[PDB]
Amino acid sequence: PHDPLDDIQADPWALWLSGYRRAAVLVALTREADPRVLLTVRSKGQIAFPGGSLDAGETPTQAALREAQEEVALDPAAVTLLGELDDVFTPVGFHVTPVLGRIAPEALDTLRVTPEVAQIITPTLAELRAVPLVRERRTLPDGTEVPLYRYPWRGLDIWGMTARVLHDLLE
């Protein structure tokens, strides 16, 4: 189904920060030396973590796991929940809970893309830390400055909410 989260996520001018519509994304890291992060390229495609809006009566963790399973067939039982990062949000009215999880590196080998996902990409955390990070800043209506990030990885452009979550994960 269509999710408002995907609309706001593609809004080039929607600002994301951390500090009424609720959503969650799964931030799965492989259990290895140089951890890889599970990311998707939606059917240039929108780069995002598996995720979506919470259904009624559903928690952030349940949503994140369901979305990863619906999108790339990631079995929730393959995920060890590590807790969550701080919520990231945008003025318009979206609160996103990044749910952290750890999976075996092998788990990636058998994931299966569904129609809404074009490909699965797995940047290594080392790589994302080494890429020439783009740091811009915009000001909100209240006059508050806010940092914007963009990770130029292998020709792809990871930006917006996803990059904000990524940067927080890296810090």
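All residue numbers refer to positions in the sequence shown, first residue = 1.
> Look at the stretch from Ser43 to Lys44 and count the residues of the deposited sequence that the entry does not model, then pick none, 1 to 3, 4 to 9, or 10 or more.
The entry has 4 to 9 unmodelled residues between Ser43 and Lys44.
> Can you tell me how many deposited residues have no coordinates between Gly19 and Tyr20? The categories are none, 1 to 3, 4 to 9, and 10 or more.
Per the deposited record, the segment joining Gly19 and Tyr20 lacks coordinates for 10 or more residues.
> Looking only at CA atoms, which has the higher mean B factor in the entry: 68 to 76 or 86 to 94?
Looking at the recorded C-alpha B-factors, 86 to 94 comes out higher on average.
> For the stretches 58 to 66 and 27 to 35, which has the higher mean C-alpha B-factor as given in the deposited record?
Looking at the record's C-alpha B-factors, the answer is 27 to 35.
> When you compare the CA B-factors of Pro132, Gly52, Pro141, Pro105 as listed in the entry, which one comes out on top?
Largest recorded C-alpha B-factor: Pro141.
> Name the residue from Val113, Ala126, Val146, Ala48 with the greatest C-alpha temperature factor listed in the entry.
Of the options given, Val146 has the highest CA B-factor in the PDB entry.
> Going by the CA temperature factor in the PDB record, which third of the chain does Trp159 belong to: lowest, middle or highest?
Its C-alpha B-factor belongs to the middle third of this chain's values.
> Looking at the entry's B-factor column for C-alpha atoms only, identify whether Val165 ranks in the lowest, middle or highest third of its chain.
Ranked within chain, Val165 CA B lands in the lowest tercile.
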